[PDB]
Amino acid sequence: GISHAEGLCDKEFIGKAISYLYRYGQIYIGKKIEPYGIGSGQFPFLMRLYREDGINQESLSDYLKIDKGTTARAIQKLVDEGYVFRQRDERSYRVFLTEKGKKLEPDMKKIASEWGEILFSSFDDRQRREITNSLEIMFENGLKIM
């Protein structure tokens, strides 16, 4: 309290805060997506396909930095739920949204919003903006040395 006003900081706090927000996020998102029969482990893949559809399953793995075996199980449940399909292309597989998956998008993006909204409570626009900006740089700082 005097330590923080004096400038000193828990150099562990950044990583701790992030791990917790992530886990809280997975719980909050998790409950909201259950009704679509989707686990919070599948959400990140679905959200990626909405940006870049028809991506190779290995690419999905490397970008999200989720392992091949976790990736395989996630994509498999997404297929069994009928939200995506796989296509072998002239070995490995490319994954695509089905119509069912495409029509889900407004719901997914809205769920992600309600979560951000919960996180930003008490922040105004300038403040939301520069924290999102700082989170972008923090990530590129990791990404450099990854």
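Residues carry their position along the shown sequence, with the first being 1.
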| task | Might you work out how many residues are unmodelled in the deposited sequence between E90 and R91, and answer none, 1 to 3, 4 to 9, or 10 or more? | result | 1 to 3
| field | Between 54-62 and 26-34 (mean CA B-factor, as deposited), the higher | value | 54-62
| C-alpha B-factor winner, where the candidates are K103, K77, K110, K68 | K68
| message | Please say which third, lowest, middle or highest, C9 falls into when its CA temperature factor is compared across its chain. | response | highest
